[PDB]
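Just follow the structure's listing: the first ligand is 1, and inside any ligand the first atom is 1. Values below: every heavy atom of this structure, side chains too, minus hydrogens, waters and symmetry copies. Naming: A, B, ... by sequence-line order, numbering from 1 per chain.
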Amino acid sequence: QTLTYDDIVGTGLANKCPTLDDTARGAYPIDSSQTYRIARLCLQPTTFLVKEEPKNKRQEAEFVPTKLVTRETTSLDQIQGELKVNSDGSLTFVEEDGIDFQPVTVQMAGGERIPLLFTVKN
Amino acid sequence: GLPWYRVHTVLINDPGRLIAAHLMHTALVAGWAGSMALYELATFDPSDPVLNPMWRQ
Ligand code: CLA
Ligand code: CLA
Ligand code: CLA
Ligand code: CLA
Ligand code: CLA
Ligand SMILES: CCCCCCCCCCCCCCCC(=O)OC[C@H](COP(=O)(O)OC[C@@H](O)CO)OC(=O)CCCCCCCCCCCCCCC
């Protein structure tokens, strides 16, 4: 429903992106004579995978799963940009602004900590 | 007095202190096992069981 800060504070829901009903499978018409914008974009990572450094003999490095250690501080949100309609018919989002980076530290097996700037800047 | 090589014969007719000696020996052995493992873990590299398995380390 319409929630309030006091409803959410401390629950972990401030880090969750909004969701859409299982029944929202419609379609948004794009009017090529129109100007469009993203008024809010929200990215909520759920898994962080890191390529193990393939040893000298190697064969093929896999993407290994990791433990998040920096808590519910990971989501990108309030991102805005115009949605251009190109003339081949494609759409292009060009980010202007938003909370578009989060530092994140995950930990690999054996204890190596891996920080990263989870981001979509520009 | 007892020679040094006989000090532990005082347990031969002392079942209680024999059990206490045996307990202490068992403690020391269990402690070693724990200490050895912990040293091994502090020094083991698990990144390559192909060319740097444990038996190489
Ligand atoms: C389960 C094993 C076991 C047990 C319970 C005993 C018990 C005993 N032995 Mg026997 N013995 C054993 C194995 C064993 N022995 C073996 C394998 C040998 C051949 C080496 C002997 C040879 C032997 C002799 C020749 C004599 C005894 C004697 C004795 C008695 C007195 C020992 C004493 O006070 O030591 C006192 C010991 C010290 C103060 C210090 C010893 C320091 C040693 C040299 C180095 C320490 C190494 C270190 C602790 C690492 C542990 C060993 C490792 C294998 C785990 C006691 C009843 C004596 C006896 O009969 O008296 C009547 C005696 O004269 N023992
Ligand atoms: C399982 C091992 C063990 C056990 C249960 C006993 C148990 C017993 N001993 Mg024996 N003893 C042992 C090992 C052991 N001893 C060893 C290795 C020696 C050679 C030093 C002796 C020498 C010895 C003598 C001379 C006498 C006994 C006596 C006794 C009795 C009374 C306790 C006592 O006086 O302690 C004394 C012994 C000790 C306190 C052992 C000290 C050994 C230390 C812990 C060595 C550690 C070195 C250090 C930590 C190294 C670390 C690494 C390094 C990098 C620094 C009792 C039956 C007494 C007794 O009743 O006899 C009639 C006695 O007078 N023992
Ligand atoms: C009641 C039946 C019974 C049971 C179950 C045992 C069991 C055992 N006896 Mg024997 N014992 C019995 C009757 C029994 N005994 C009788 C009637 C006598 C003549 C008095 C002896 C005399 C005797 C001697 C002289 C010695 C033993 C030892 C041992 C232990 C050697 C293995 C060991 O320490 O593992 C290693 C231990 C563990 C992995 C953990 C053990 C934890 C268990 C579950 C005990 C928990 C606490 C419990 C309430 C204490 C009572 C123990 C029990 C022996 C009564 C083992 C637990 C030896 C011993 O004590 O070695 C240290 C030893 O020196 N026994
Ligand atoms: C099946 C395995 C087993 C057996 C049978 C024994 C048997 C024995 N151990 Mg134990 N021990 C074991 C495993 C075992 N241990 C393990 C795995 C550890 C952990 C590493 C220990 C740690 C340990 C300690 C710390 C002590 C014992 C002691 C003893 C003896 C106590 C009775 C006694 O007075 O002997 C009389 C003594 C003898 C019969 C001498 C035995 C000679 C053996 C073969 C060693 C030979 C000399 C040795 C290699 C020189 C060391 C050199 C080095 C310091 C440079 C007995 C011989 C105690 C001891 O020796 O008390 C004096 C003692 O202090 N042991
Ligand atoms: C409480 C139970 C318990 C359990 C579940 C374990 C489990 C373990 N121990 Mg620890 N341990 C314990 C008690 C226990 N331990 C105690 C009480 C001590 C003090 C003595 C230790 C001391 C110890 C040492 C020193 C070491 C371990 C190690 C290990 C690991 C390998 C075990 C192994 O290979 O044994 C193998 C055991 C045998 C092959 C025993 C064989 C028994 C012979 C064959 C006797 C047969 C005689 C019998 C009377 C005849 C029966 C007649 C027949 C007709 C039935 C494993 C995680 C090892 C490890 O990795 O440590 C980190 C190691 O090195 N343990
Ligand atoms: C954690 C590990 C702890 C280990 C602690 C130390 C282990 C205990 C001490 C071990 C050393 C033993 C010293 C005992 C030495 C000493 O006590 O010897 C003399 C001693 C005499 O014993 P008796 O029966 O006369 O008893 C008198 C008592 O007062 C002895 O307690 O004999 C024995 O010990 C029997 C074994 C003889 C040993 C003979 C060896 C002598 C060789 C000399 C030649 C050397 C090489 C030269 C030739 C090139």
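There is no protein heavy atom closer than 4.0 angstrom to atom 49 (C) of ligand 2. Distance screen at 4.0 Å: atom 60 (O) of ligand 4 has no protein heavy-atom neighbour inside the cut-off. Closer than 4.0 Å to atom 52 (C) of ligand 2 lies none of the heavy atoms of the protein. For atom 38 (C) of ligand 2, no protein heavy-atom neighbour is found at a distance under 4.0 Å. There is a protein heavy atom closer than 4.0 angstrom to atom 63 (C) of ligand 3. Proximity of atom 46 (C) of ligand 4 to the protein is not indicated, since no non-hydrogen protein atom lies closer than 4.0 angstrom. Inside a 4.0 Å radius of atom 35 (O) of ligand 4 there is not any protein heavy atom.
For CZ of B/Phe44, the number of neighbouring non-hydrogen atoms (other residues, nucleotides, ligands) closer than 6.0 Å is greater than 12. Few gaps surround CZ on A/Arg37; more than 12 heavy atoms of other groups in view lie less than 6.0 Å from it.
In this comparison of B/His8, B/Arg17, B/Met24, the heavy atom closest to atom 28 (C) of ligand 2 sits on B/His8. One option in B/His25, B/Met36, B/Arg6 has a heavy atom closer to atom 11 (N) of ligand 4 than any other, and that option is B/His25. Considering B/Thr26, B/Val7, B/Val29 only, the shortest heavy-atom separation from atom 21 (C) of ligand 4 involves B/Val29.
Between A/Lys121 and A/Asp100, at least one side-chain N (NZ, or NE/NH1/NH2) sits under 4.0 Å from a carboxylate O, which counts as a salt bridge. Taking a cutoff of 4.0 Å between a charged side-chain nitrogen and a carboxylate oxygen, A/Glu82 and A/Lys84 qualify as a salt bridge. Comment: A/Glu72 engages A/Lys16 in a salt bridge, judged by a side-chain N to carboxylate O separation of less than 4.0 angstrom.
Side-chain contact, A/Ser33 with A/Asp31: a donor N or O sits under 3.5 Å from an acceptor N or O.
Here's the thing with B/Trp32: none of its N/O atoms is less than 3.5 angstrom from an N/O atom of ligand 4.
The OG1 atom of A/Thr92 lies 7.5 Å from the CG atom of A/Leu83; values are rounded to the nearest 0.5 Å. Rounding to the nearest 0.5 angstrom, the gap separating the OH atom in A/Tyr36 from the OH atom in A/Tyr28 is 5.0 Å.
B/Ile19 CD1, 4.6 Å is the protein heavy atom nearest to atom 23 (C) of ligand 3. At the top of the distance list for atom 25 (C) of ligand 4, counting protein heavy atoms only, stands B/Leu28 CD1, 4.5 Å. Scanning all protein heavy atoms for the shortest distance to atom 58 (C) of ligand 3 gives B/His22 ND1, 4.6 Å.
A side chain to side chain contact (heavy atoms under 4.5 Å, CB included) with A/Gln107 holds for exactly one of A/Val50, A/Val69, A/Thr70; it is A/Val69.
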